[PDB]
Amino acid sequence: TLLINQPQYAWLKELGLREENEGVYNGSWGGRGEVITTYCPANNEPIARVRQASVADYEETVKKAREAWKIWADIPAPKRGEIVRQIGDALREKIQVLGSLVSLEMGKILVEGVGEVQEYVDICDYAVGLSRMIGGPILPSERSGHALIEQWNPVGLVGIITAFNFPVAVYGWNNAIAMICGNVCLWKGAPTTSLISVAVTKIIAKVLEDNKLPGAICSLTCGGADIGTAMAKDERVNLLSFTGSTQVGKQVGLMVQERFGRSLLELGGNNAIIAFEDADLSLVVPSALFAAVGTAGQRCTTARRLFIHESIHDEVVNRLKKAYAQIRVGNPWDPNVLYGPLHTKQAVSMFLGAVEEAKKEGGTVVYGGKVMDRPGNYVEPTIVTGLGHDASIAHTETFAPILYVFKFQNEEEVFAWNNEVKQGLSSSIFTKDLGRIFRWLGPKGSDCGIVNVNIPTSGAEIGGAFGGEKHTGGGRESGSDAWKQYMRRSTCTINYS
């Protein structure tokens, strides 16, 4: 009954997957913890099993990673960059099958599964150049006969805890950067995407082994909250990068603070699109559709709040309802499918709870609101009008395709309403007005980490730093000088005289 044992899913064997897989890698493969079965959300059928990390496995892995670090930190950064280059190429070779796995086990559509792998490929290619650039200034000392230099060094072991919804790319952004920065990594992915974590780790492990390097440079310990908490409490984990809910992230951040560790937190979002009266509606409508319903509303950057100027509110709502009706639903790996399932049955329950709460708080479901009558975790993408901007349910992140729509009149009030929530990840305005655009980007504009114009809330690329403010946690990944979070600065005065 396991999908991996069915002829049609034989392609899973191309990723080295079998009926039961080792979920611990530290140079050797193992797993003496609980065996987990993951399921395909499109049909609720079991795919395969992963043997998770026991406490002893965790302990052994940390020690081995730290031993490997002594070798790795001695390799020149440009040479570490060559390893990351080879990782990029290894990912390229497995792009279709790895993206197909993301669609199968996570449930996003194929083009996005593949796109996710491509993101990891792209950050590897970026990191190769960065590996010849990272460092600080040599500064002019006020003291005669002295040099003053800013040095950057690896922090050591970078733990990486990742969410279900970007089961490849988030790890990738962290890995590529942490690696070139001279750190070793320990990955604990989402339990419900354990096969993806295993598959990615196999690809990287082959590269490390082919280059005669210790595998524990990119260690894996599959597990749940138990392993995650161990990481958060472990003084040997010098930086903990955590991508996940604000509720869990808060606790991770506190645990890391308690031990004077470093954390990089990438937490929840409650992202707004705002359409002004001068907006190009031919642009607004598809943008909002994609931002709200893409990945079945399971992106951290998903649009969950849509503010529309009173003058165009009804036309936009009507056009969006028509667009929602045209959405092609089906198995996420099938041709021309744009809409797949929610990742879990619990997510379906949370969706229904949110819809009922929206109604009690005074909103009207104008499209959707129900579970679809078909196998898997499918729900109707949903549009709610009539809530106050400050409705409790609108201020909460429900990780499901529910879009709350609000009217507004003026720019000052709607910027404030963008900013009034506790989340601070992404935000977008649609307008042609030059001044309004630069005000949006300025100190009285959006308070979010991602501040977009005429592109929706999921608009981001490798070259920029990615993350948010407020309850989104403050960390940054990927581009700009995000790398500095994975290194320790020293200010060094050398008296040579």
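The first residue of the shown sequence is 1; numbering continues from there.
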query: Where do the C-alpha atoms have the higher mean temperature factor in this entry, in 52-60 or in 445-453?
result: 52-60
Between the two ranges 306-314 and 147-155, the one averaging a larger CA B factor in the entry: 306-314
statement: Looking only at 82, 116, 142, 74, the Cα with the top B-factor belongs to 116
- prompt: Whose CA atom has the top B-factor in the entry, of 209, 89, 380, 234?
  reply: 380
task: Quick one: classify residue 35 as lowest, middle or highest third of the chain based on its Cα B-factor.
output: highest
Third of the chain, ranked by Cα B-factor, where residue 462 sits: middle
message: Sorting by Cα B-factor within the chain, modelled residues only, which third would residue 497 end up in: lowest, middle or highest?
response: highest
- request: Tell me, lowest, middle or highest third: where does the Cα B factor of residue 10 rank within its chain?
  value: highest
statement: For residue 221, the third of its chain by CA B-factor is the lowest
